[PDB]
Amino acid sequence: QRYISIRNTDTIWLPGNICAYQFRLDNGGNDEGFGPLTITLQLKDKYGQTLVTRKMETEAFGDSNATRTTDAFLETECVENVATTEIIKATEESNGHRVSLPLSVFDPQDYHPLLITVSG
C-alpha cells in the first residue's frame, strides 16, 4: 500500500549504560501519511542469534512534504553486540484506534553499506 523506507542512522550512548539506536523513517515523498506507529524489533548478534526484543514508537508523519521523514529511537542496554534488527510486528494509531500495519510497507536497509569518510 504505502511506503516506508527505514534505516539506522545513529547510535547514541546514554547514561545508565543505555544505547539508543536512531531510525529514520521516510515515505519517499508520497504524501499519503501515517499515524503514530508501534514497531517491534528483534535485536540480533552477528551470528543471527536473538538478544532482546524491544518496541519502538514513532510520531505521525508523511501527510505533507516537509514531514516526509520522522525519527524514532530504540532503547536497550548497550551491553549487547547488536549487529542486526528484524521487524516482526507493526501497529498504527489511526483514528485514535489500534490498527495492524502490513510489514510489506517497509523498505528496510538490509545491507551493510560502505562507510564514507572525507580526506583532510
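Numbers follow the displayed sequence, beginning with 1.
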Can you tell me which stretch has the higher mean Cα B-factor, 79-87 or 63-71? 63-71
Quick check on the record: does 48-56 or 28-36 carry the larger mean Cα temperature factor? 28-36
So, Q1's CA B-factor, relative to its chain, sits in which third? The highest
Grab the CA temperature factor for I12 from the record and place it in the lowest, middle or highest third of its chain. middle
